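S.K.: Before I ask anything, here's the sequence and the deposited coordinates:
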Amino acid sequence: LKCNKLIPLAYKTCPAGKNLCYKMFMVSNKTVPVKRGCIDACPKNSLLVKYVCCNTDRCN
């Protein structure tokens, strides 16, 4: 699986153990991402930072 980078054009494969994609959003703008990468296990969402996982290509 591959996930997009911070800038919508670059991407990187999810490392050993990481076969899931995730995105870190901040209350400041839940409509725009703060961080993007891959993850091993789908994380827990927060009130301040919202985490969204996906099992698709260039999902995030």
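M.R.: All right, it came through fine. Residues are numbered from 1 along each chain as shown.
S.K.: tell me, which strand in the chain spans the most residues?
M.R.: strand 29-39 (DSSP state E).
S.K.: how far off strand 29-39 does whichever helix or strand comes after it point, in degrees?
M.R.: Using DSSP states H and E, the next helix or strand after strand 29-39 towards the C-terminus is strand 49-54. Using axes from the mean of the first three to the mean of the last three C-alpha atoms, to 10 degrees, the inter-axis angle of strand 49-54 relative to strand 29-39 is 50 degrees.
S.K.: What is strand 49-54 packed up against?
M.R.: Judged by 3 or more C-beta pairs under 8 Å, 6 or more residues apart in numbering; DSSP states H and E, strand 49-54 is in contact with strand 20-26, strand 29-39. The C-beta positions use only the backbone N, C-alpha and C, and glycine is treated the same way.
S.K.: Apply 7 Å and report the result again.
M.R.: For strand 49-54, the helices and strands in contact under the criterion 3 or more C-beta pairs under 7 Å, 6 or more residues apart in numbering; DSSP states H and E are strand 20-26.
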